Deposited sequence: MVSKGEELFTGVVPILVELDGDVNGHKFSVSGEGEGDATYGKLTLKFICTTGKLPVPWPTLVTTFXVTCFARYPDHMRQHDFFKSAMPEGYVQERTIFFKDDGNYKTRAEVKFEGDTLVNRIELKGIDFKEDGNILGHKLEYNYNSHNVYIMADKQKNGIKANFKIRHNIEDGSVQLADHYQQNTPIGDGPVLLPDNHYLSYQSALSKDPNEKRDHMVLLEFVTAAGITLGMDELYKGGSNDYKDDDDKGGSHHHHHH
């Protein structure tokens, strides 16, 4: 049997992303469009800064900008919280601590609006150094592969994770971004609370050569792996 959640992701699904941000008082908005194909764990998205020049590096927003598109292998299907919460969706919240710098706090609602999977996000950043790696745009426009360990959060009826993102800097060092995450369902319907498992991410950042606005093109693959 294919679950109600699973069935919404069997083909290619349009994605809309909307982010309102404020970092050290610098307000900005970003809109993204593209498509997800969960069968292949595949996301393609193009993000546009709709208010001017982005005041933080595009790589710092990659994790913020739809884990329902992860590929869960057949043997792992009982651990897919994210699809099980659909179509009503889930709230994803994070704090992201940039080592020796500021932090982001994010809240997103991920849910269907008709046939479109929407990721609506608010982001607030505080305590950034005006000449640190973030406000000083010292990060390379690239992205490393990362594994994220997903744990059930029984009390909140959802999941949680903590993971470290490494953002490469041109002197060979990295800027660490320590993510703490909680997800909880929007509906009061049944969800899958998983056993501990990993999601394996790879992400590629590029540019649309014909786009004059400040923007990012993201290609991301996400696959679950178990602990058996």
Exercise. Where the model has no C-alpha, note the corresponding stretch of the deposited sequence, numbering from 1.
Key: 66, 230-258
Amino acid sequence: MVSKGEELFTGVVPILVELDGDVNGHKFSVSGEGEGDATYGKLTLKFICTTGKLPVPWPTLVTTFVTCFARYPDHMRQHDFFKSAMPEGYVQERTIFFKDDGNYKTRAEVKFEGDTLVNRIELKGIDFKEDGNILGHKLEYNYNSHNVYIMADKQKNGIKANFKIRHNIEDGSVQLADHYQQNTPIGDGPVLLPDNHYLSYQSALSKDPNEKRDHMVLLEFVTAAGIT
From here on, numbers count along this sequence of modelled residues.
Exercise. Name the higher of the two by mean Cα B-factor in the PDB entry, 145-153 versus 68-76.
Key: 145-153
Self-check item: Residue range whose averaged C-alpha B-factor is higher in the record, 50-58 or 162-170
Solution: 50-58
Quiz item: Between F112, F128, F81, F97, which carries the biggest CA temperature factor in the record?
Solution: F128
Quiz item: Checking the entry, which one of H197, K42, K27, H179 has the top C-alpha B factor?
Solution: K27
Self-check item: Ranked C-alpha temperature factor of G21 among modelled chain residues, by third
Solution: middle
Self-check item: Third of the chain's Cα B-factor distribution that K212 belongs to, per the entry
Solution: highest
Quiz prompt | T184 - which third its CA temperature factor falls in, relative to the rest of the chain | solution = highest
Exercise. Tell me, lowest, middle or highest third: where does the Cα B factor of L139 rank within its chain?
Key: middle
